[PDB]
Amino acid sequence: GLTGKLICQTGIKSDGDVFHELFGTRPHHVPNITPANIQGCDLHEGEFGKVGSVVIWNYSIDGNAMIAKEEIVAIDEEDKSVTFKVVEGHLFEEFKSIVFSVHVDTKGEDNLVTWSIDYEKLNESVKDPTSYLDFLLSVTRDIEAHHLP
């Protein structure tokens, strides 16, 4: 009753590999590219690019500042996927667990970015976090504009 999943898919015109590796090996560059959405990304444990690394994200939705500490639980080169599990922060005011994954599909002509949000609400009154899809699309658009020469 408390579990849900939200997915958004959108095209990018920029290089898909570069988009994947931004998240997979260069997540600390994200704030520099989408500063209205993401203000910081600090390495807390481990090393950038490795499974089990932990980063602290400083970000904003609707003008409110928030913090998420996240473990990189999966990085797959073939699927061009990176999975970030929240382990502390604002979102644990609402969710028992919440995991963000980004996949890039570069087959064929048109690159597709897919963001998934997999979560368990603390209780049934918690809202499904659809505002995070609008955040992830904004981040995605900003990355695409930055990477297009």
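Numbers for residues come from their place in the sequence shown, where the first is 1.
As listed in the deposited structure, the average C-alpha B-factor of 13-21 and of 133-141 is greater for 13-21. Stretches 87-95 and 57-65 differ in mean CA B factor, with 57-65 having the higher one. Remark: residue 50 belongs to the highest third of its chain, ranked by C-alpha B-factor as recorded. In this PDB entry, the Cα temperature factor of residue 111 sits in the top third of its chain's modelled residues, the highest group. Split the chain's modelled residues into thirds by C-alpha temperature factor. Residue 103 is in the middle one. Annotation for residue 38: C-alpha temperature factor in the lowest third relative to the rest of the modelled chain, per the entry. Residue 122: CA B factor in the highest third of modelled residues in this chain (values from the PDB entry).
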